[PDB]
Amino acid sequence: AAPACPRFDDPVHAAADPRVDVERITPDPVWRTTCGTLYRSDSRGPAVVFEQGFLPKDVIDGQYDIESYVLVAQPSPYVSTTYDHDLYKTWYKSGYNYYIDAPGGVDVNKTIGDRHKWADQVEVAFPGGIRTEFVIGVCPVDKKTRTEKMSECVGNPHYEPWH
(Lines of atoms letter the chains of each structure in order from A and count residues from 1; the text may use other names and numbers.)
(Lines give C-alpha, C1' and ligand atoms only; values in the text may rest on other atoms or scores of the structure.)
Protein backbone atom coordinates (compact mmCIF):
# COMPACT_ATOMS: atom_id res chain seq x y z
CA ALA A 1 0.00 0.00 0.00
CA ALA A 2 1.43 3.36 -0.99
CA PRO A 3 2.48 5.77 1.78
CA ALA A 4 1.13 9.30 2.26
CA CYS A 5 2.92 12.40 0.74
CA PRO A 6 5.35 14.85 2.40
CA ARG A 7 3.76 18.22 3.09
CA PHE A 8 5.91 21.33 2.67
CA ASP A 9 5.21 24.36 4.81
CA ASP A 10 5.65 26.77 1.89
CA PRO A 11 2.74 26.35 -0.56
CA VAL A 12 4.98 27.61 -3.36
CA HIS A 13 8.08 25.66 -2.42
CA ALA A 14 8.24 24.44 -6.03
CA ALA A 15 8.29 27.92 -7.58
CA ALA A 16 10.94 28.72 -10.18
CA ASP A 17 10.16 32.42 -9.58
CA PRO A 18 9.68 33.01 -5.83
CA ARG A 19 8.49 36.59 -6.41
CA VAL A 20 4.98 35.18 -6.80
CA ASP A 21 2.62 36.77 -4.25
CA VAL A 22 0.48 33.99 -2.77
CA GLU A 23 -1.86 36.43 -1.04
CA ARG A 24 -2.93 37.81 -4.45
CA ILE A 25 -4.25 34.43 -5.61
CA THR A 26 -8.01 34.49 -6.05
CA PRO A 27 -10.31 32.83 -5.23
CA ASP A 28 -9.04 31.21 -2.03
CA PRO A 29 -6.75 28.45 -3.35
CA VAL A 30 -7.30 24.80 -2.57
CA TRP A 31 -3.76 23.42 -2.62
CA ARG A 32 -3.00 19.98 -4.00
CA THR A 33 -1.84 17.72 -1.19
CA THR A 34 -1.15 14.61 -3.29
CA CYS A 35 2.15 13.91 -5.02
CA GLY A 36 1.53 11.81 -8.06
CA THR A 37 3.12 12.53 -11.37
CA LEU A 38 1.66 15.55 -13.18
CA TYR A 39 2.01 16.46 -16.84
CA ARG A 40 2.42 19.49 -19.04
CA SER A 41 2.04 19.82 -22.78
CA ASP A 42 4.55 22.36 -24.03
CA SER A 43 6.06 23.16 -27.39
CA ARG A 44 9.27 24.38 -25.76
CA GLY A 45 12.12 21.93 -25.99
CA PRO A 46 13.77 20.03 -23.18
CA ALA A 47 17.13 21.77 -23.47
CA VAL A 48 15.30 24.92 -22.36
CA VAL A 49 12.91 23.42 -19.80
CA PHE A 50 15.58 21.27 -18.15
CA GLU A 51 17.84 24.31 -17.76
CA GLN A 52 15.22 26.82 -16.59
CA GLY A 53 12.35 24.82 -15.20
CA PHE A 54 8.92 26.15 -16.08
CA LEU A 55 8.87 29.90 -15.60
CA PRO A 56 5.55 31.77 -15.55
CA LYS A 57 4.82 34.51 -18.05
CA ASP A 58 4.19 37.37 -15.57
CA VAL A 59 4.50 37.01 -11.79
CA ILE A 60 4.34 40.77 -11.18
CA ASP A 61 1.44 42.07 -13.28
CA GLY A 62 -0.09 38.86 -14.61
CA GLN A 63 -3.60 37.55 -13.99
CA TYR A 64 -3.77 36.18 -10.43
CA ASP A 65 -7.45 35.22 -10.65
CA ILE A 66 -7.56 31.49 -11.41
CA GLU A 67 -11.03 31.48 -12.96
CA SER A 68 -10.04 34.33 -15.29
CA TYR A 69 -6.75 32.69 -16.16
CA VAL A 70 -8.45 29.37 -16.95
CA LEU A 71 -11.18 30.94 -19.07
CA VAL A 72 -9.16 33.56 -21.00
CA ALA A 73 -5.49 32.82 -21.52
CA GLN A 74 -3.73 35.93 -20.22
CA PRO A 75 -0.13 36.23 -19.00
CA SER A 76 -0.21 35.00 -15.43
CA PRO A 77 1.96 33.95 -12.48
CA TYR A 78 0.86 30.33 -13.06
CA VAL A 79 2.29 27.39 -14.93
CA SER A 80 -0.49 24.95 -15.83
CA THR A 81 -0.15 21.20 -15.41
CA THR A 82 -2.63 18.32 -15.41
CA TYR A 83 -3.35 15.18 -13.45
CA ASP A 84 -4.07 13.46 -16.81
CA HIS A 85 -1.17 11.66 -18.46
CA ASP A 86 -3.18 11.57 -21.70
CA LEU A 87 -4.25 15.22 -21.96
CA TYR A 88 -1.47 15.70 -24.53
CA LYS A 89 -3.72 13.84 -27.00
CA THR A 90 -6.13 16.79 -27.06
CA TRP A 91 -3.36 19.40 -27.48
CA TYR A 92 -3.03 20.71 -31.01
CA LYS A 93 0.57 21.22 -32.05
CA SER A 94 2.31 20.85 -28.65
CA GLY A 95 5.51 18.98 -29.25
CA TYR A 96 6.18 17.41 -25.83
CA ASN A 97 4.50 15.76 -22.83
CA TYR A 98 6.53 16.76 -19.74
CA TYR A 99 6.46 14.62 -16.60
CA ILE A 100 6.48 16.54 -13.29
CA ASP A 101 6.99 15.45 -9.66
CA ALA A 102 6.46 18.66 -7.68
CA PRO A 103 4.87 19.48 -4.32
CA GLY A 104 1.83 21.69 -4.12
CA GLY A 105 0.14 23.63 -6.86
CA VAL A 106 -3.41 25.00 -6.84
CA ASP A 107 -6.00 22.35 -7.70
CA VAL A 108 -8.12 24.24 -10.22
CA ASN A 109 -11.33 22.22 -9.99
CA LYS A 110 -11.20 22.12 -6.18
CA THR A 111 -10.69 25.91 -6.21
CA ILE A 112 -13.23 27.03 -8.83
CA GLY A 113 -15.45 23.93 -9.09
CA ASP A 114 -15.74 21.18 -11.68
CA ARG A 115 -18.60 22.57 -13.81
CA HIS A 116 -16.66 25.18 -15.81
CA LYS A 117 -15.91 24.62 -19.48
CA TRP A 118 -12.33 23.37 -18.93
CA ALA A 119 -12.98 21.12 -15.93
CA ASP A 120 -11.99 18.15 -18.15
CA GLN A 121 -8.41 19.46 -18.15
CA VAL A 122 -8.08 18.49 -14.43
CA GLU A 123 -5.54 21.27 -14.02
CA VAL A 124 -3.06 22.08 -11.28
CA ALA A 125 -1.77 25.64 -11.50
CA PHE A 126 1.70 26.27 -10.07
CA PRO A 127 2.11 29.86 -8.80
CA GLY A 128 5.65 30.94 -9.62
CA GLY A 129 6.10 27.97 -11.91
CA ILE A 130 8.19 24.87 -11.29
CA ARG A 131 11.91 24.49 -10.67
CA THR A 132 13.81 22.07 -12.88
CA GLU A 133 14.52 19.77 -9.92
CA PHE A 134 10.81 18.87 -9.98
CA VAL A 135 10.68 18.15 -13.75
CA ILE A 136 11.18 14.39 -14.16
CA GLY A 137 11.61 14.30 -17.92
CA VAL A 138 9.74 14.44 -21.18
CA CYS A 139 8.39 12.39 -24.06
CA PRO A 140 8.04 13.92 -27.54
CA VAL A 141 4.62 13.58 -29.16
CA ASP A 142 3.91 12.27 -32.66
CA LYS A 143 1.30 14.75 -33.83
CA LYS A 144 -0.34 12.62 -36.52
CA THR A 145 -1.23 9.74 -34.21
CA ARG A 146 -1.29 11.74 -30.95
CA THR A 147 1.04 9.26 -29.26
CA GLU A 148 4.27 9.50 -27.27
CA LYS A 149 7.53 8.61 -29.04
CA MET A 150 8.58 6.45 -26.12
CA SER A 151 12.05 5.56 -27.43
CA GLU A 152 12.74 9.32 -27.52
CA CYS A 153 11.75 10.14 -23.96
CA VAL A 154 14.48 11.90 -21.98
CA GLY A 155 15.09 12.20 -18.27
CA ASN A 156 15.99 15.54 -16.77
CA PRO A 157 19.50 15.29 -15.30
CA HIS A 158 18.44 17.90 -12.72
CA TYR A 159 15.44 15.94 -11.39
CA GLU A 160 15.78 15.39 -7.63
CA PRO A 161 13.42 12.76 -6.17
CA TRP A 162 11.92 13.87 -2.88
CA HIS A 163 9.51 11.06 -1.88
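Position 1 is the first residue in the sequence shown; the rest follow in order.
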Of the two stretches 1-9 and 153-161, which shows the higher Cα B-factor on average in the entry?
1-9
Please compare 130-138 with 52-60 and name the stretch with the higher mean C-alpha B-factor in the deposited structure.
52-60
Select one of 28, 107, 101, 42: the residue whose C-alpha shows the highest B-factor in the crystal structure entry.
28
For residue 123, return the chain-relative third of its C-alpha B-factor as stated in the PDB record: lowest, middle or highest.
lowest
Check where residue 95 lands among this chain's C-alpha B-factors and tell me if it's the lowest, middle or highest third.
highest
Based on the deposited C-alpha B factors for this chain, I'd like to know if residue 76 is in the lowest, middle or highest third.
middle
